[PDB]
file work15.pdb (PDB, C-alpha atoms and all ligand atoms)
MODEL        1
ATOM      1  CA  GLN Y   1       0.000   0.000   0.000
ATOM      2  CA  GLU Y   2       1.711   2.792  -1.793
ATOM      3  CA  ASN Y   3       2.116   6.437  -3.562
ATOM      4  CA  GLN Y   4       1.622  10.008  -2.238
ATOM      5  CA  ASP Y   5       0.670  12.321  -5.175
ATOM      6  CA  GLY Y   6      -1.468  15.435  -4.908
ATOM      7  CA  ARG Y   7      -0.580  17.724  -7.812
ATOM      8  CA  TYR Y   8      -2.899  20.495  -8.978
ATOM      9  CA  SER Y   9      -2.539  23.058 -11.742
ATOM     10  CA  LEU Y  10      -3.836  26.600 -12.380
ATOM     11  CA  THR Y  11      -3.563  27.903 -15.951
ATOM     12  CA  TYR Y  12      -4.781  30.939 -17.876
ATOM     13  CA  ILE Y  13      -4.959  31.263 -21.651
ATOM     14  CA  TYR Y  14      -5.329  34.806 -23.008
ATOM     15  CA  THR Y  15      -6.106  35.432 -26.680
ATOM     16  CA  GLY Y  16      -6.168  38.686 -28.651
ATOM     17  CA  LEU Y  17      -6.895  39.437 -32.310
ATOM     18  CA  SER Y  18      -5.871  42.533 -34.269
ATOM     19  CA  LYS Y  19      -8.572  42.115 -36.945
ATOM     20  CA  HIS Y  20     -11.937  40.954 -35.612
ATOM     21  CA  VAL Y  21     -15.495  41.123 -36.926
ATOM     22  CA  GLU Y  22     -18.484  42.661 -35.079
ATOM     23  CA  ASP Y  23     -19.740  39.444 -33.445
ATOM     24  CA  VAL Y  24     -16.268  38.034 -32.721
ATOM     25  CA  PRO Y  25     -14.709  39.342 -29.446
ATOM     26  CA  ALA Y  26     -11.311  41.038 -29.827
ATOM     27  CA  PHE Y  27      -9.952  39.799 -26.489
ATOM     28  CA  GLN Y  28     -10.619  36.584 -24.591
ATOM     29  CA  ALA Y  29      -9.397  34.838 -21.454
ATOM     30  CA  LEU Y  30     -10.107  31.528 -19.755
ATOM     31  CA  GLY Y  31      -8.746  29.708 -16.726
ATOM     32  CA  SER Y  32      -8.476  26.007 -16.017
ATOM     33  CA  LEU Y  33      -8.048  24.039 -12.817
ATOM     34  CA  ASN Y  34      -6.219  20.934 -14.009
ATOM     35  CA  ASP Y  35      -8.001  19.732 -17.179
ATOM     36  CA  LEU Y  36     -11.275  21.555 -16.349
ATOM     37  CA  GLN Y  37     -12.143  25.172 -17.171
ATOM     38  CA  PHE Y  38     -13.698  27.196 -14.341
ATOM     39  CA  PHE Y  39     -14.184  30.668 -15.889
ATOM     40  CA  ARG Y  40     -14.160  32.711 -19.100
ATOM     41  CA  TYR Y  41     -14.098  36.439 -19.899
ATOM     42  CA  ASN Y  42     -14.261  38.307 -23.204
ATOM     43  CA  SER Y  43     -14.029  41.929 -24.389
ATOM     44  CA  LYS Y  44     -17.543  41.940 -25.871
ATOM     45  CA  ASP Y  45     -19.591  40.765 -22.843
ATOM     46  CA  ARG Y  46     -16.921  42.369 -20.604
ATOM     47  CA  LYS Y  47     -18.033  40.169 -17.686
ATOM     48  CA  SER Y  48     -16.222  37.397 -15.779
ATOM     49  CA  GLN Y  49     -18.467  34.328 -15.659
ATOM     50  CA  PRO Y  50     -17.808  30.955 -14.023
ATOM     51  CA  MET Y  51     -18.062  27.845 -16.229
ATOM     52  CA  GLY Y  52     -18.973  24.175 -15.877
ATOM     53  CA  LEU Y  53     -19.243  22.557 -12.457
ATOM     54  CA  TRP Y  54     -18.182  25.885 -10.947
ATOM     55  CA  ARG Y  55     -21.554  27.538 -11.606
ATOM     56  CA  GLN Y  56     -22.949  25.949  -8.399
ATOM     57  CA  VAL Y  57     -19.953  26.944  -6.240
ATOM     58  CA  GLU Y  58     -20.615  30.162  -4.291
ATOM     59  CA  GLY Y  59     -18.072  32.519  -2.724
ATOM     60  CA  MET Y  60     -14.924  31.061  -4.255
ATOM     61  CA  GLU Y  61     -14.282  34.250  -6.181
ATOM     62  CA  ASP Y  62     -15.719  37.761  -6.255
ATOM     63  CA  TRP Y  63     -16.648  37.713  -9.931
ATOM     64  CA  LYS Y  64     -17.577  41.414 -10.016
ATOM     65  CA  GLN Y  65     -14.136  42.275  -8.634
ATOM     66  CA  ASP Y  66     -12.407  39.876 -11.043
ATOM     67  CA  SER Y  67     -14.059  41.569 -14.044
ATOM     68  CA  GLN Y  68     -12.269  44.763 -12.969
ATOM     69  CA  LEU Y  69      -8.704  43.476 -13.022
ATOM     70  CA  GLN Y  70      -9.435  41.295 -16.076
ATOM     71  CA  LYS Y  71     -10.309  44.540 -17.857
ATOM     72  CA  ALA Y  72      -6.999  45.986 -16.607
ATOM     73  CA  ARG Y  73      -5.100  43.028 -18.122
ATOM     74  CA  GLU Y  74      -7.046  43.281 -21.397
ATOM     75  CA  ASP Y  75      -5.756  46.846 -21.790
ATOM     76  CA  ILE Y  76      -2.077  45.914 -21.346
ATOM     77  CA  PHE Y  77      -2.536  42.827 -23.536
ATOM     78  CA  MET Y  78      -4.033  44.481 -26.630
ATOM     79  CA  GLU Y  79      -1.706  47.486 -26.254
ATOM     80  CA  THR Y  80       1.170  44.993 -26.633
ATOM     81  CA  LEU Y  81      -0.406  43.299 -29.688
ATOM     82  CA  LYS Y  82      -0.909  46.744 -31.209
ATOM     83  CA  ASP Y  83       2.801  47.485 -30.706
ATOM     84  CA  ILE Y  84       3.901  44.273 -32.463
ATOM     85  CA  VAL Y  85       1.565  44.953 -35.413
ATOM     86  CA  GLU Y  86       2.556  48.640 -35.614
ATOM     87  CA  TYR Y  87       6.211  47.518 -35.619
ATOM     88  CA  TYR Y  88       5.754  45.108 -38.540
ATOM     89  CA  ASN Y  89       3.792  47.792 -40.474
ATOM     90  CA  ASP Y  90       1.137  45.097 -41.047
ATOM     91  CA  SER Y  91      -1.502  47.322 -39.403
ATOM     92  CA  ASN Y  92      -4.119  45.751 -41.686
ATOM     93  CA  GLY Y  93      -3.776  41.987 -41.179
ATOM     94  CA  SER Y  94      -5.256  39.230 -39.025
ATOM     95  CA  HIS Y  95      -2.726  38.483 -36.279
ATOM     96  CA  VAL Y  96      -2.916  36.551 -32.993
ATOM     97  CA  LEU Y  97      -1.309  37.241 -29.619
ATOM     98  CA  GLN Y  98      -1.751  34.416 -27.128
ATOM     99  CA  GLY Y  99      -0.618  34.428 -23.500
ATOM    100  CA  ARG Y 100      -0.148  31.451 -21.199
ATOM    101  CA  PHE Y 101       0.349  32.123 -17.513
ATOM    102  CA  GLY Y 102       0.143  29.609 -14.674
ATOM    103  CA  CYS Y 103       1.484  27.858 -11.599
ATOM    104  CA  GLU Y 104       1.172  24.364 -10.114
ATOM    105  CA  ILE Y 105       1.560  22.631  -6.749
ATOM    106  CA  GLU Y 106       2.644  19.080  -5.903
ATOM    107  CA  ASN Y 107       2.001  17.634  -2.427
ATOM    108  CA  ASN Y 108       1.000  21.065  -1.098
ATOM    109  CA  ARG Y 109       4.226  22.677  -2.340
ATOM    110  CA  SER Y 110       4.993  24.955  -5.302
ATOM    111  CA  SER Y 111       6.546  22.726  -7.961
ATOM    112  CA  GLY Y 112       6.459  24.834 -11.148
ATOM    113  CA  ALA Y 113       5.399  28.069 -12.868
ATOM    114  CA  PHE Y 114       5.256  29.554 -16.381
ATOM    115  CA  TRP Y 115       4.550  32.854 -18.146
ATOM    116  CA  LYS Y 116       4.854  32.942 -21.932
ATOM    117  CA  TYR Y 117       3.547  34.886 -24.933
ATOM    118  CA  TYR Y 118       3.100  33.741 -28.540
ATOM    119  CA  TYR Y 119       2.718  35.767 -31.745
ATOM    120  CA  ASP Y 120       1.077  34.146 -34.780
ATOM    121  CA  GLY Y 121       2.036  30.795 -33.235
ATOM    122  CA  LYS Y 122       5.689  31.787 -32.823
ATOM    123  CA  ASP Y 123       7.529  32.293 -29.529
ATOM    124  CA  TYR Y 124       7.378  35.970 -28.672
ATOM    125  CA  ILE Y 125       8.482  36.608 -25.070
ATOM    126  CA  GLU Y 126       8.980  34.625 -21.854
ATOM    127  CA  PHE Y 127       9.544  35.237 -18.155
ATOM    128  CA  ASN Y 128      12.653  33.714 -16.624
ATOM    129  CA  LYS Y 129      11.994  34.037 -12.890
ATOM    130  CA  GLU Y 130      15.534  32.912 -12.038
ATOM    131  CA  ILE Y 131      17.198  36.126 -13.249
ATOM    132  CA  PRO Y 132      14.510  37.510 -13.100
ATOM    133  CA  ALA Y 133      13.966  38.979 -16.577
ATOM    134  CA  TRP Y 134      11.909  38.761 -19.742
ATOM    135  CA  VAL Y 135      13.370  36.791 -22.640
ATOM    136  CA  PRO Y 136      12.700  37.992 -26.222
ATOM    137  CA  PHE Y 137      12.448  35.402 -28.999
ATOM    138  CA  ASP Y 138      11.337  37.817 -31.681
ATOM    139  CA  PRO Y 139      12.997  41.056 -32.854
ATOM    140  CA  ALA Y 140       9.804  42.978 -31.942
ATOM    141  CA  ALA Y 141       9.899  41.515 -28.413
ATOM    142  CA  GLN Y 142      12.916  43.739 -27.676
ATOM    143  CA  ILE Y 143      10.551  46.723 -27.325
ATOM    144  CA  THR Y 144       8.158  44.938 -24.941
ATOM    145  CA  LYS Y 145      11.218  43.763 -22.961
ATOM    146  CA  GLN Y 146      12.086  47.444 -22.477
ATOM    147  CA  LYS Y 147       8.530  48.536 -21.573
ATOM    148  CA  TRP Y 148       7.849  45.739 -19.076
ATOM    149  CA  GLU Y 149      11.237  46.305 -17.412
ATOM    150  CA  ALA Y 150      11.013  50.127 -17.413
ATOM    151  CA  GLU Y 151      11.325  50.204 -13.608
ATOM    152  CA  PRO Y 152      13.644  47.617 -11.986
ATOM    153  CA  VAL Y 153      10.761  46.870  -9.585
ATOM    154  CA  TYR Y 154       8.478  45.425 -12.282
ATOM    155  CA  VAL Y 155      10.620  42.313 -12.757
ATOM    156  CA  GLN Y 156      10.473  41.701  -9.009
ATOM    157  CA  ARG Y 157       6.672  41.814  -8.971
ATOM    158  CA  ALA Y 158       6.447  39.480 -11.972
ATOM    159  CA  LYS Y 159       8.509  36.977  -9.969
ATOM    160  CA  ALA Y 160       6.234  37.534  -6.952
ATOM    161  CA  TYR Y 161       3.043  37.030  -8.964
ATOM    162  CA  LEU Y 162       4.234  33.659 -10.262
ATOM    163  CA  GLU Y 163       5.981  32.446  -7.117
ATOM    164  CA  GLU Y 164       3.364  33.569  -4.594
ATOM    165  CA  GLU Y 165       0.261  35.431  -5.795
ATOM    166  CA  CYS Y 166      -0.558  32.492  -8.109
ATOM    167  CA  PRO Y 167      -0.191  29.503  -5.732
ATOM    168  CA  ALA Y 168      -2.047  31.525  -3.088
ATOM    169  CA  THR Y 169      -4.971  31.830  -5.495
ATOM    170  CA  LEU Y 170      -4.613  28.147  -6.376
ATOM    171  CA  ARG Y 171      -4.938  26.946  -2.760
ATOM    172  CA  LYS Y 172      -7.866  29.306  -2.185
ATOM    173  CA  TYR Y 173      -9.666  27.806  -5.178
ATOM    174  CA  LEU Y 174      -8.630  24.322  -4.009
ATOM    175  CA  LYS Y 175     -10.635  24.669  -0.778
ATOM    176  CA  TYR Y 176     -13.738  24.855  -2.948
ATOM    177  CA  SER Y 177     -12.595  22.487  -5.719
ATOM    178  CA  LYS Y 178     -10.557  19.637  -4.171
ATOM    179  CA  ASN Y 179     -13.658  17.431  -4.027
ATOM    180  CA  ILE Y 180     -14.291  18.052  -7.755
ATOM    181  CA  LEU Y 181     -10.729  17.552  -8.998
ATOM    182  CA  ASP Y 182     -10.176  14.439  -6.869
ATOM    183  CA  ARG Y 183     -13.101  12.478  -8.360
ATOM    184  CA  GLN Y 184     -12.550   8.916  -9.559
ATOM    185  CA  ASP Y 185     -15.655   8.171 -11.621
ATOM    186  CA  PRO Y 186     -15.625   4.781 -13.414
ATOM    187  CA  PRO Y 187     -16.801   4.499 -17.032
ATOM    188  CA  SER Y 188     -19.963   2.783 -18.193
ATOM    189  CA  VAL Y 189     -19.149   1.075 -21.478
ATOM    190  CA  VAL Y 190     -21.451   0.230 -24.399
ATOM    191  CA  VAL Y 191     -20.790  -1.884 -27.519
ATOM    192  CA  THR Y 192     -22.583  -1.106 -30.815
ATOM    193  CA  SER Y 193     -22.452  -2.713 -34.270
ATOM    194  CA  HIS Y 194     -23.464  -0.855 -37.432
ATOM    195  CA  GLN Y 195     -23.655  -1.775 -41.128
ATOM    196  CA  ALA Y 196     -23.248   0.534 -44.133
ATOM    197  CA  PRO Y 197     -24.778  -0.757 -47.432
ATOM    198  CA  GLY Y 198     -21.557  -1.058 -49.478
ATOM    199  CA  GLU Y 199     -19.299  -0.946 -46.421
ATOM    200  CA  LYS Y 200     -17.691  -3.472 -44.034
ATOM    201  CA  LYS Y 201     -19.352  -3.887 -40.627
ATOM    202  CA  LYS Y 202     -18.111  -1.500 -37.915
ATOM    203  CA  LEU Y 203     -17.951  -2.121 -34.161
ATOM    204  CA  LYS Y 204     -18.023   0.927 -31.891
ATOM    205  CA  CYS Y 205     -16.933   0.766 -28.243
ATOM    206  CA  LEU Y 206     -18.054   3.795 -26.225
ATOM    207  CA  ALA Y 207     -16.741   4.662 -22.764
ATOM    208  CA  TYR Y 208     -18.664   7.434 -21.001
ATOM    209  CA  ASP Y 209     -19.345   9.314 -17.726
ATOM    210  CA  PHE Y 210     -15.755   8.929 -16.466
ATOM    211  CA  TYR Y 211     -13.109  11.170 -14.868
ATOM    212  CA  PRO Y 212     -10.124  11.730 -14.992
ATOM    213  CA  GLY Y 213      -9.492  11.666 -18.750
ATOM    214  CA  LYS Y 214      -6.566   9.247 -18.968
ATOM    215  CA  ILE Y 215      -8.093   6.044 -20.354
ATOM    216  CA  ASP Y 216      -7.148   2.972 -22.393
ATOM    217  CA  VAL Y 217      -9.880   1.731 -24.753
ATOM    218  CA  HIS Y 218      -8.968  -0.859 -27.371
ATOM    219  CA  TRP Y 219     -10.516  -3.799 -29.204
ATOM    220  CA  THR Y 220      -9.131  -7.319 -29.508
ATOM    221  CA  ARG Y 221      -9.728  -9.747 -32.358
ATOM    222  CA  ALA Y 222      -9.322 -13.355 -31.212
ATOM    223  CA  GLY Y 223      -6.611 -12.315 -28.728
ATOM    224  CA  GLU Y 224      -4.577  -9.688 -30.592
ATOM    225  CA  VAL Y 225      -5.263  -5.960 -30.164
ATOM    226  CA  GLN Y 226      -6.629  -4.153 -33.220
ATOM    227  CA  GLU Y 227      -5.642  -0.654 -34.331
ATOM    228  CA  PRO Y 228      -8.733   1.601 -34.385
ATOM    229  CA  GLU Y 229     -10.185   2.847 -37.647
ATOM    230  CA  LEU Y 230     -11.153   5.986 -35.723
ATOM    231  CA  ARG Y 231     -10.920   7.223 -32.121
ATOM    232  CA  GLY Y 232     -12.928  10.033 -30.526
ATOM    233  CA  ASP Y 233     -12.457  11.864 -27.205
ATOM    234  CA  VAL Y 234     -14.581  14.556 -25.475
ATOM    235  CA  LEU Y 235     -14.585  16.661 -22.337
ATOM    236  CA  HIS Y 236     -18.083  17.666 -21.247
ATOM    237  CA  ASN Y 237     -17.178  20.728 -19.206
ATOM    238  CA  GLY Y 238     -20.594  21.533 -17.691
ATOM    239  CA  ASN Y 239     -20.939  17.893 -16.700
ATOM    240  CA  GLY Y 240     -17.266  17.654 -15.689
ATOM    241  CA  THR Y 241     -16.998  14.216 -17.323
ATOM    242  CA  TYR Y 242     -15.232  12.459 -20.203
ATOM    243  CA  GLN Y 243     -16.382  10.345 -23.142
ATOM    244  CA  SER Y 244     -14.198   8.187 -25.420
ATOM    245  CA  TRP Y 245     -14.966   5.666 -28.188
ATOM    246  CA  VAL Y 246     -13.105   3.368 -30.599
ATOM    247  CA  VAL Y 247     -14.302   1.939 -33.937
ATOM    248  CA  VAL Y 248     -12.863  -1.112 -35.714
ATOM    249  CA  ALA Y 249     -13.899  -2.457 -39.105
ATOM    250  CA  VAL Y 250     -14.701  -6.159 -39.166
ATOM    251  CA  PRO Y 251     -14.277  -7.973 -42.556
ATOM    252  CA  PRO Y 252     -17.324  -9.745 -44.100
ATOM    253  CA  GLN Y 253     -16.104 -13.308 -43.513
ATOM    254  CA  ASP Y 254     -14.708 -12.790 -40.002
ATOM    255  CA  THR Y 255     -16.142 -15.180 -37.432
ATOM    256  CA  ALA Y 256     -13.504 -14.645 -34.715
ATOM    257  CA  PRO Y 257     -14.577 -13.014 -31.395
ATOM    258  CA  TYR Y 258     -14.138  -9.287 -30.692
ATOM    259  CA  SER Y 259     -13.996  -7.858 -27.181
ATOM    260  CA  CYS Y 260     -13.476  -4.301 -25.960
ATOM    261  CA  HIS Y 261     -11.036  -3.631 -23.131
ATOM    262  CA  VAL Y 262     -11.312  -0.531 -20.983
ATOM    263  CA  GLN Y 263      -8.586   0.419 -18.532
ATOM    264  CA  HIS Y 264      -9.123   3.385 -16.201
ATOM    265  CA  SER Y 265      -7.721   4.508 -12.828
ATOM    266  CA  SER Y 266     -11.051   4.194 -10.975
ATOM    267  CA  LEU Y 267     -11.032   0.435 -11.645
ATOM    268  CA  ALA Y 268      -9.241  -2.308  -9.729
ATOM    269  CA  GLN Y 269      -9.271  -4.921 -12.525
ATOM    270  CA  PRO Y 270      -9.695  -3.988 -16.241
ATOM    271  CA  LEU Y 271     -13.199  -3.879 -17.727
ATOM    272  CA  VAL Y 272     -13.923  -6.272 -20.616
ATOM    273  CA  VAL Y 273     -17.047  -6.175 -22.786
ATOM    274  CA  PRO Y 274     -17.394  -8.914 -25.436
ATOM    275  CA  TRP Y 275     -19.377  -8.309 -28.626
ATOM    276  CA  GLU Y 276     -22.369 -10.642 -28.296
ATOM    277  CA  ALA Y 277     -23.051 -10.767 -32.059
TER     278      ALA Y 277
HETATM  279  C1  LIG Y 301     -22.986  14.506 -19.002
HETATM  280  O1  LIG Y 301     -23.330  15.134 -20.221
HETATM  281  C2  LIG Y 301     -23.277  14.290 -21.349
HETATM  282  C3  LIG Y 301     -23.488  15.123 -22.605
HETATM  283  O2  LIG Y 301     -24.180  16.308 -22.288
HETATM  284  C4  LIG Y 301     -24.330  13.193 -21.208
HETATM  285  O3  LIG Y 301     -24.243  12.301 -22.298
HETATM  286  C5  LIG Y 301     -25.296  11.327 -22.215
HETATM  287  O4  LIG Y 301     -24.985  10.261 -21.343
HETATM  288  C6  LIG Y 301     -26.070   9.371 -21.163
HETATM  289  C7  LIG Y 301     -25.752   8.405 -20.024
HETATM  290  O5  LIG Y 301     -25.409   9.131 -18.859
HETATM  291  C8  LIG Y 301     -26.385   8.645 -22.475
HETATM  292  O6  LIG Y 301     -27.564   7.883 -22.308
HETATM  293  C9  LIG Y 301     -27.549   6.677 -23.103
HETATM  294  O7  LIG Y 301     -27.576   5.472 -22.329
HETATM  295  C10 LIG Y 301     -27.796   4.273 -23.089
HETATM  296  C11 LIG Y 301     -27.597   3.067 -22.173
HETATM  297  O8  LIG Y 301     -28.638   3.011 -21.190
HETATM  298  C12 LIG Y 301     -26.855   4.148 -24.294
HETATM  299  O9  LIG Y 301     -27.416   3.246 -25.264
HETATM  300  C13 LIG Y 301     -26.504   5.466 -25.002
HETATM  301  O10 LIG Y 301     -25.291   5.262 -25.751
HETATM  302  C14 LIG Y 301     -25.076   6.377 -26.633
HETATM  303  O11 LIG Y 301     -24.059   6.134 -27.586
HETATM  304  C15 LIG Y 301     -24.366   5.077 -28.478
HETATM  305  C16 LIG Y 301     -23.130   4.641 -29.274
HETATM  306  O12 LIG Y 301     -22.126   5.645 -29.233
HETATM  307  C17 LIG Y 301     -25.506   5.540 -29.384
HETATM  308  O13 LIG Y 301     -25.850   4.473 -30.324
HETATM  309  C18 LIG Y 301     -26.733   5.927 -28.552
HETATM  310  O14 LIG Y 301     -27.587   6.301 -29.548
HETATM  311  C19 LIG Y 301     -26.380   6.820 -27.323
HETATM  312  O15 LIG Y 301     -26.229   8.198 -27.688
HETATM  313  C20 LIG Y 301     -26.503   8.357 -29.150
HETATM  314  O16 LIG Y 301     -27.885   8.605 -29.411
HETATM  315  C21 LIG Y 301     -28.362   9.868 -28.972
HETATM  316  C22 LIG Y 301     -29.879   9.942 -29.156
HETATM  317  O17 LIG Y 301     -30.198  10.559 -30.422
HETATM  318  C23 LIG Y 301     -27.603  10.988 -29.698
HETATM  319  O18 LIG Y 301     -28.077  12.258 -29.299
HETATM  320  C24 LIG Y 301     -26.113  10.874 -29.387
HETATM  321  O19 LIG Y 301     -25.394  11.844 -30.130
HETATM  322  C25 LIG Y 301     -25.590   9.462 -29.705
HETATM  323  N1  LIG Y 301     -24.269   9.311 -29.119
HETATM  324  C26 LIG Y 301     -23.266   8.674 -29.815
HETATM  325  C27 LIG Y 301     -21.957   9.519 -30.105
HETATM  326  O20 LIG Y 301     -23.312   7.465 -30.203
HETATM  327  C28 LIG Y 301     -26.342   6.634 -24.029
HETATM  328  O21 LIG Y 301     -25.148   6.490 -23.246
HETATM  329  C29 LIG Y 301     -26.580   9.645 -23.619
HETATM  330  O22 LIG Y 301     -26.503   8.963 -24.852
HETATM  331  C30 LIG Y 301     -25.557  10.788 -23.619
HETATM  332  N2  LIG Y 301     -26.005  11.868 -24.485
HETATM  333  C31 LIG Y 301     -25.238  12.905 -24.836
HETATM  334  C32 LIG Y 301     -25.961  14.146 -25.274
HETATM  335  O23 LIG Y 301     -24.005  12.886 -24.817
HETATM  336  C33 LIG Y 301     -24.117  12.426 -19.903
HETATM  337  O24 LIG Y 301     -25.208  11.557 -19.684
HETATM  338  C34 LIG Y 301     -23.948  13.353 -18.700
HETATM  339  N3  LIG Y 301     -23.471  12.573 -17.571
HETATM  340  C35 LIG Y 301     -23.739  12.860 -16.296
HETATM  341  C36 LIG Y 301     -23.080  11.994 -15.265
HETATM  342  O25 LIG Y 301     -24.469  13.788 -15.945
ENDMDL
END

call {"tool": "encode", "arguments": {"input": "work15.pdb", "output": "structure tokens"}}
result
Amino acid sequence: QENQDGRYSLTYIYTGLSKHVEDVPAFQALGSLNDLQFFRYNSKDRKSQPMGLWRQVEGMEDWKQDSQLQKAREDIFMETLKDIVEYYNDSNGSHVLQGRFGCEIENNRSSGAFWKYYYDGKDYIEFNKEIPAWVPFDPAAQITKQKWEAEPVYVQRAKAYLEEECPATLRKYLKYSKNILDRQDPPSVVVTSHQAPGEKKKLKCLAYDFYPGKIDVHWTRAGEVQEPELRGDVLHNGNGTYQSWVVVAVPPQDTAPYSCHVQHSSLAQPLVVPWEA
């Protein structure tokens, strides 16, 4: 009777667009606790709203207050994207600035942190909290490097936000979310055959209503494992559950037995469902 393990992750993805249409929001931000997203905010609606299972959780976060400082961040974000675009003279062109910012804890202790920006998919700038300093990866990023380090203090706060302000927020959220994130829901599995007129028969094995997401689902033909013709995976965020299915194509003659094997953490011994033809 064996391992420790309690690692939890808090991540934000920020997205801006230089050229956007009326209905499409210019700025957007969402935050995830582990693999599940707990809140979104955009520049159109201009309101911080909780998402998924976190709609029923009260008093974890002052959403009105959060909207405020989200707005603050939106300003600094787009202003940066403007500066990149203005620098490349491509004022009229559809460009993307994406920002990833986050920390994580393992066994109650800070174990890692990251703060990185991307431009049109390419590495733009990055915080090295060891120095501490920002690290340009793009010629344009030299300007931002100078702005964000204008005062020597700024670099010290950036280190503080990652190393302390973030994990502090994480733990706070964890008081309300530990129960959610720690779930070990087993999958119900369902086998289904289907025939297309001028097509080989296809056997679908669906695993559903499970969490966490890490799952092995594979077919076997008369003992040997078969490579799937197609595999599908889904996260139902409102539900806070996962769904995953695998389809194999069985030749017209084939009389050999097919069974679906599901392996998930919430199960002691593996789950096997045979296709009762
Ligand atoms: C969280 O949310 C998700 C999505 O919002 C919910 O998904 C639903 O899950 C329930 C079970 O909790 C499913 O109920 C059905 O149960 C019977 C067994 O008693 C099964 O026969 C069903 O199996 C599905 O999949 C089969 C093969 O893949 C398919 O042949 C079958 O038709 C059925 O769903 C299919 O049919 C429906 C009806 O038209 C289609 O709408 C659906 O797209 C289709 N699915 C697929 C890809 O095959 C099935 O499990 C519901 O089917 C399922 N529905 C949805 C909208 O996803 C989930 O229930 C919920 N969980 C919790 C814990 O709250």

call {"tool": "residues_near_ligand", "arguments": {"input": "work15.pdb", "ligand": "ligand LIG 301 (chain Y)", "cutoff": "6 Å", "atoms": "all atoms listed in the file", "output": "PyMOL selection string"}}
result
chain Y and resi 192+206+209+236+239

call {"tool": "atom_distance", "arguments": {"input": "work15.pdb", "atom1": "atom CA of residue 140 of chain Y", "atom2": "atom CA of residue 77 of chain Y"}}
result
14.9 Å

call {"tool": "residues_around", "arguments": {"input": "work15.pdb", "residues": "segment 55-65 of chain Y", "least_positions_apart": "5", "cutoff": "12 Å", "atoms": "all atoms listed in the file", "output": "list in words"}}
result
residues 37, 38, 39, 40, 41, 46, 47, 48, 49, 50, 70, 71, 72, 169, 170, 171, 172, 173, 174, 175, 176, 177, 179, 180, 237, 238, 239 and 240 of chain Y

call {"tool": "resolve_selection", "arguments": {"input": "work15.pdb", "expression": "the PyMOL selection byres (((chain Y and resi 200) around 8) and not hetatm)", "output": "PyMOL selection string"}}
result
chain Y and resi 195-196+198-199+201-202+249-252

call {"tool": "resolve_selection", "arguments": {"input": "work15.pdb", "expression": "the PyMOL selection byres (((chain Y and resi 109-113) around 10) and not hetatm)", "output": "PDB file with C-alpha atoms, keeping the file's coordinate frame"}}
result
ATOM      1  CA  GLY Y   6      -1.468  15.435  -4.908  1.00  0.00           C
ATOM      2  CA  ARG Y   7      -0.580  17.724  -7.812  1.00  0.00           C
ATOM      3  CA  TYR Y   8      -2.899  20.495  -8.978  1.00  0.00           C
ATOM      4  CA  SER Y   9      -2.539  23.058 -11.742  1.00  0.00           C
ATOM      5  CA  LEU Y  10      -3.836  26.600 -12.380  1.00  0.00           C
ATOM      6  CA  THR Y  11      -3.563  27.903 -15.951  1.00  0.00           C
ATOM      7  CA  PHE Y 101       0.349  32.123 -17.513  1.00  0.00           C
ATOM      8  CA  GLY Y 102       0.143  29.609 -14.674  1.00  0.00           C
ATOM      9  CA  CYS Y 103       1.484  27.858 -11.599  1.00  0.00           C
ATOM     10  CA  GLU Y 104       1.172  24.364 -10.114  1.00  0.00           C
ATOM     11  CA  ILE Y 105       1.560  22.631  -6.749  1.00  0.00           C
ATOM     12  CA  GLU Y 106       2.644  19.080  -5.903  1.00  0.00           C
ATOM     13  CA  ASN Y 107       2.001  17.634  -2.427  1.00  0.00           C
ATOM     14  CA  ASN Y 108       1.000  21.065  -1.098  1.00  0.00           C
ATOM     15  CA  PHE Y 114       5.256  29.554 -16.381  1.00  0.00           C
ATOM     16  CA  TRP Y 115       4.550  32.854 -18.146  1.00  0.00           C
ATOM     17  CA  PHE Y 127       9.544  35.237 -18.155  1.00  0.00           C
ATOM     18  CA  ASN Y 128      12.653  33.714 -16.624  1.00  0.00           C
ATOM     19  CA  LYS Y 129      11.994  34.037 -12.890  1.00  0.00           C
ATOM     20  CA  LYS Y 159       8.509  36.977  -9.969  1.00  0.00           C
ATOM     21  CA  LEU Y 162       4.234  33.659 -10.262  1.00  0.00           C
ATOM     22  CA  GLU Y 163       5.981  32.446  -7.117  1.00  0.00           C
ATOM     23  CA  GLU Y 164       3.364  33.569  -4.594  1.00  0.00           C
ATOM     24  CA  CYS Y 166      -0.558  32.492  -8.109  1.00  0.00           C
ATOM     25  CA  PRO Y 167      -0.191  29.503  -5.732  1.00  0.00           C
ATOM     26  CA  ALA Y 168      -2.047  31.525  -3.088  1.00  0.00           C
TER      27      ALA Y 168
END

call {"tool": "residues_near_point", "arguments": {"input": "work15.pdb", "point": "(-11.9, -0.4, -25.7)", "cutoff": "8 Å", "atoms": "only C-alpha atoms", "output": "list in words"}}
result
residues 205, 206, 207, 216, 217, 218, 219, 245, 246, 259, 260, 261, 262 and 263 of chain Y

call {"tool": "resolve_selection", "arguments": {"input": "work15.pdb", "expression": "the PyMOL selection byres (((chain Y and resi 265) around 9) and not hetatm)", "output": "ChimeraX atom specification"}}
result
/Y:184-186,211-212,214-215,263-264,266-268

call {"tool": "axis_aligned_box", "arguments": {"input": "work15.pdb", "around": "segment 169-185 of chain Y", "padding_each_side": "3 Å", "output": "AutoDock Vina command-line options"}}
result
--center_x -10.1 --center_y 20.0 --center_z -6.2 --size_x 17.0 --size_y 29.7 --size_z 16.8

call {"tool": "closest_residue", "arguments": {"input": "work15.pdb", "among": "Y:244, Y:80, Y:1, Y:98", "to": "residue 230 of chain Y", "atoms": "only C-alpha atoms"}}
result
Y:244

call {"tool": "atom_distance", "arguments": {"input": "work15.pdb", "atom1": "atom CA of residue 12 of chain Y", "atom2": "atom CA of residue 32 of chain Y"}}
result
6.4 Å
